[PDB]
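Here's a solo chain for you in C-alpha cells, the form deposited in one PDB entry.
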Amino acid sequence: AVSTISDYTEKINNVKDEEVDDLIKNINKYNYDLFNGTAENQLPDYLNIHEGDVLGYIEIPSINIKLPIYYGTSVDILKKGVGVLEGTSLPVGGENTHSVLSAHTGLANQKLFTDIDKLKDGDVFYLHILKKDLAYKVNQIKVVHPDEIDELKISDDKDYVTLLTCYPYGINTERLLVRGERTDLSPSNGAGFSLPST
C-alpha cells in the first residue's frame, strides 16, 4: 500500500545523493548493454539490485492508481504492487529502453486488470524511480498471446514503458499491453525557461 511507498520514500531520501547518482549511472549502463546484447536477464553484480527490491512507484491519475515498483516478478513478491520484467530495461528512461511493468497477481490484479483496461491513447502515467521523475503518454493498447515477444522488445530510437496485466482467471491467458512513450513532466500550456546569460 502507501506504507511500502512511504517506507521507500523514507529509506531512499536518507541515502547519500552521490550513491543514488552512481546507481542511476550503473542502471543506464545496464540498459545500454541490454540493448547492445552485451548483458543478460540476470542483473550484473555491480548494481546490488535484487528480486523484490523496491525501485519506487507508478502514479496513474486517470484511475487513481498509486503502486510500488519492485525489480523482478518472483511469487513471494507478486501479491503487493508491480514488478519490472526480467530481460526488459530498468525504468530510468532513455532512447533504446523498453521497461515492462508486470501486474502483481492476488486481489490487486482483479482490480488492476480492469483498471489498466480503462486506459486509452493520450492518457499519462508518472514513474518515480530512485528520486528520478518520468512521464509516459499511452500510444498502443494491444491484447496478445502468452508466447509473444515483438511488442515487449526494445525499439531503436524509442523510450517505451509497457504496463503488462493478465486476465486473472485461467492459464495461458491473453495479456493486455498498455504501452506509454516518453513525454515532458511540464504541462504544455505553461512554458518559457531560459539559462543565465551576461
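Between two forms, the rigid core is defined as the largest C-alpha subset superposing within 1.5 Å. For every residue, the number given is its place in the sequence shown, counted from 1.
This next part talks about the form deposited in another entry, which is not shown.
| Which of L34, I65, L152, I49 has its C-alpha displaced by 2 Å or more between this form and the one not shown after core superposition? | Comparing the C-alpha positions, the one residue that moves 2 Å or more is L152.
| With both forms fit on the core, is the shift of the CA atom of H128 between this form and the one not shown 2 Å or larger? | No, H128 moves less than 2 Å.
| task | Please say whether, between this form and the one not shown, the C-alpha of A108 moves by 2 Å or more once the core is aligned. | result | The answer is yes; the displacement is at least 2 Å.
| query | Closer or farther: how do the CA atoms of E151 and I58 lie in the other entry, compared with the form shown, if the change is at least 3 Å? | reply | Pair moves farther apart in the other entry.
| Any idea whether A108 and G56 get closer or farther by CA distance in the other entry, knowing it moves 3 angstroms or more? | Their C-alpha distance grows by at least 3 Å in the other entry.
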